[PDB]
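Just below is one structure, and these are the notes that go with it.
Hydrogens, waters and symmetry mates play no part in the numbers below; they use all other heavy atoms, side chains included. Atoms within a ligand are numbered from 1 in the order they appear, just like the ligands themselves. We're numbering straight along the sequence, starting at 1.
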Amino acid sequence: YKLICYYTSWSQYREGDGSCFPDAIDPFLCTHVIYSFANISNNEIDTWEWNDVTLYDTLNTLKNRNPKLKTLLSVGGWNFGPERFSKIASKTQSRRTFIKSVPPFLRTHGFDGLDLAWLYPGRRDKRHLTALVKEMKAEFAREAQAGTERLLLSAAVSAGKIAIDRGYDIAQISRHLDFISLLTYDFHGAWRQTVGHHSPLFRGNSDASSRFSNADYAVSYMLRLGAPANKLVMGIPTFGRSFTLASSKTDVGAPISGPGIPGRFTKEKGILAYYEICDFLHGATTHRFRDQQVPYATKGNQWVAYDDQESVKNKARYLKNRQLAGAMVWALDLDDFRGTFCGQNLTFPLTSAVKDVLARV
Ligand SMILES: CC(=O)N[C@@H]1[C@@H](O)[C@H](O[C@@H]2O[C@H](CO)[C@@H](O[C@@H]3O[C@H](CO)[C@@H](O[C@@H]4O[C@H](CO)[C@@H](O)[C@H](O)[C@H]4NC(C)=O)[C@H](O)[C@H]3NC(C)=O)[C@H](O)[C@H]2NC(C)=O)[C@@H](CO)O[C@H]1O
Ligand SMILES: *[C@@H]1O[C@H](CO)[C@@H](O[C@H]2O[C@H](CO)[C@@H](O[C@@H]3O[C@H](CO)[C@@H](O)[C@H](O)[C@@H]3O)[C@H](O)[C@H]2NC(C)=O)[C@H](O)[C@H]1NC(C)=O
């Protein structure tokens with residue numbers, strides 16, 4: 001099985017223990033580590049952070065400890081305007097320039113492949129996404145003629161049915177991608193004012209509409225659209241989504257006034273790292289949706305939907321039972337990487353729990 005793990009560039013700036021650099025990563029934990037995110041300047045792939053070349057070097061040195069480890073560089077991300085992707089892919093000329101710049105860049109910095117994170121392709125982009133993937137892969141096949149191992153090509157894809165129907169030709173891109181990571185953790189819409197879990201595994205007998213917003217549905221749908229199980233990887237979150245309650249009601253349906261207050265280290269309203277959640281739990285009230293198989297917690301007027309060792313192991317077994325290629329984790333820097341916040345004298349408790357299940361067969 002594959003265990004795809006993302007590492008984010010901006011995590012280096014978090015204060016104190018929250019600060020995470022590539023060398024904190026256990027070389028034997030994941031099978032693939034993806035660095036997020038690369039930028040595109042003058043239609044060419046390029047660095048993002050001022051010290052990226054140094055961090056690229058630090059990450060790729062892990063391969064001197066674990067020779068089987070593969071690394072990829074992801075282009076795009078949520079702070080990358082999708083309009084920019086749309087513009088590059090729409091014109092055969094700009095598209096070709098970008099494609100041509102990738103192999104040399106990856107080779108120079110020691111990466112084994114490219115991960116595409118266009119979030120998200122609209123109805124008018126579907127056509128061009130296919131061309132982009134097809135042509136990128138053709139370039140990689142051609143570059144391998146030089147005697148070096150062929151570069152890998154992957155893509156992170158929405159798990160939302162409407163988003164999938166709208167911007168992706170799944171059957172077509174599946175044949176050219178080495179693997180596809182399903183973003184099965186952004187299910188509760190940032191649009192409404194209700195409490196809800198962002199990464200439920202199952203539908204849950206307690207609600208008719210949005211039977212589409214759960215991991216099981218997204219996986220089944222992808223398989224029906226033509227994506228081979230051996231290329232599908234299920235996304236598992238290492239963070240939680242928080243809300244500020246509008247009333248004393250804490251159960252399903254409870255009204256929301258807005259996102260939860262920022263975590264001390266992550267400082268982003270709406271989300272908390274797993275290590276911050278481990279601290280939050282002290283004095284909190286824990287619950288678990290039996291139908292969806294995921295937990296949530298509450299303290300004061302703060303409501304948090306998250307994943308723990310149990311739910312993560314649960315998703316990993318589901319994935320194996322469906323014979324998928326493996327799991328993808330977002331993200332290493334949000335798990336208890338130091339292993340000092342979540343009790344168990346264990347580094348990367350969430351990611352390790354996933355690895356354990358995958359190692360069972
Ligand atoms: C849950 C989750 O992971 N969601 C992701 C989004 O959070 C993510 O958006 C990213 O948001 C983070 C934090 O909110 C943001 O981090 C900032 O990164 C910049 C660098 O790009 C830092 O700026 C540096 O400051 C120091 C001094 O303080 C300078 O020395 C340095 O030169 C600066 N860098 C630059 C630009 O020159 C900020 O300090 C840091 N701020 C925070 C909040 O700590 C990221 O930039 C956002 N990511 C990107 C790629 O823009 C979103 C990104 O796509 O993806 C989700 O996964
Ligand atoms: C990711 O790539 C972006 C696309 O190139 C880049 O956007 C910006 O690109 C240039 C460079 O800063 C900005 O302005 C130009 O810069 C030169 C100065 O060297 C000027 O002479 C020229 O007139 C022009 O102003 C753009 O304003 C900006 N592009 C936009 C917003 O359309 C991003 O900077 C890059 N991201 C990071 C963090 O590296």
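- Linking ILVMFWY residues whenever their side-chain heavy atoms come closer than 4.5 Å, directly or via other members, places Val354 and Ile34 in the same cluster.
- Ligand 2 has at least one atom lying under 4.0 Å from a heavy atom of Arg84.
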Write none if no such pair exists; otherwise list each N/O atom of ligand 1 with its protein N/O partner under 3.5 Å and the distance.
{"from": "ligand 1", "atom 1": "3 (O)", "to": "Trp330", "atom 2": "NE1", "distance (Å)": "3.3"}
{"from": "ligand 1", "atom 1": "7 (O)", "to": "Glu268", "atom 2": "OE1", "distance (Å)": "2.6"}
{"from": "ligand 1", "atom 1": "9 (O)", "to": "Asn79", "atom 2": "OD1", "distance (Å)": "2.6"}
{"from": "ligand 1", "atom 1": "14 (O)", "to": "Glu268", "atom 2": "OE1", "distance (Å)": "3.3"}
{"from": "ligand 1", "atom 1": "21 (O)", "to": "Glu49", "atom 2": "OE1", "distance (Å)": "3.4"}
{"from": "ligand 1", "atom 1": "21 (O)", "to": "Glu49", "atom 2": "OE2", "distance (Å)": "2.7"}
{"from": "ligand 1", "atom 1": "48 (N)", "to": "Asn79", "atom 2": "OD1", "distance (Å)": "3.0"}
{"from": "ligand 1", "atom 1": "51 (O)", "to": "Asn79", "atom 2": "OD1", "distance (Å)": "2.9"}
{"from": "ligand 1", "atom 1": "54 (O)", "to": "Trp78", "atom 2": "N", "distance (Å)": "2.7"}
{"from": "ligand 1", "atom 1": "54 (O)", "to": "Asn79", "atom 2": "N", "distance (Å)": "2.7"}
{"from": "ligand 1", "atom 1": "54 (O)", "to": "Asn79", "atom 2": "OD1", "distance (Å)": "3.2"}

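- Partners of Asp336 under the salt bridge (charged side-chain N to carboxylate O under 4.0 Å, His left out) rule, at least two apart in sequence or in another chain, do not exist in this structure.
- The aromatic rings of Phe239 and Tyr185 sit perpendicular to each other, their planes meeting at more than 60°, with 30° as the lower class boundary.
- Residue contacts with ligand 2: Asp46 is excluded, as none of its non-hydrogen atoms falls under 4.0 Å.
- In this structure, atom 39 (O) of ligand 2 has protein heavy atoms in its sub-4.0 angstrom surroundings.
- In terms of N/O distances under 3.5 Å, ligand 2 is approached by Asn39.
- Here is the list of ligand 2 atoms found below 4.0 Å of a heavy atom in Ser41: 1 (C), 2 (O), 5 (O).
- For the pairing with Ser199, the side chain to side chain donor-acceptor pair (under 3.5 Å) check across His188, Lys315, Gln292 returns one residue only, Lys315.
- Note: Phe37 and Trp78 have perpendicular aromatic rings, judged against thresholds of 30 and 60 degrees for the angle between ring planes.
- Closer than 4.0 Å to atom 32 (O) of ligand 2 lies none of the heavy atoms of the protein.
- Aromatic ring pairs are classed by plane angle as parallel below 30°, tilted from 30° to 60° and perpendicular above 60°; the pair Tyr275 and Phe265 is perpendicular.
- For the pairing with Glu139, the side chain to side chain donor-acceptor pair (under 3.5 Å) check across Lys134, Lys100, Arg96 returns one residue only, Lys100.
- For ligand 2, the atoms sitting less than 4.0 Å from at least one non-hydrogen atom of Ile40 are 2 (O), 3 (C), 4 (C), 5 (O), numbered in the order shown with element in parentheses.
- Residue-to-ligand polar distances keep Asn42 apart from ligand 2: every N/O pair is separated by 3.5 Å or more.
- Using a 4.0 Å threshold on non-hydrogen atoms, atom 36 (N) of ligand 2 counts as touching the protein.
- Counting only heavy atoms, the protein gets under 4.0 Å from atom 3 (C) of ligand 2.
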Exercise. Starting from the C-alpha separation in whole Å, work towards a yes-or-no answer on ring-ring contact (aromatic ring centres under 6.0 Å, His included) for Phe243 and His198.
Key: CA-CA 12 Å; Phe243 301 102; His198 64 113; 8.8 Å; no
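- Under the 4.5 Å side-chain heavy-atom criterion for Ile, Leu, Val, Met, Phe, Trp and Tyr, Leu319 and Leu225 are members of the same hydrophobic cluster.
- Here the closest non-hydrogen pair linking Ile164 and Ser158 is CG1-O, 3.4 Å.
- Both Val329 and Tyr318 are part of a single hydrophobic cluster, where members link through side-chain heavy atoms under 4.5 Å apart.
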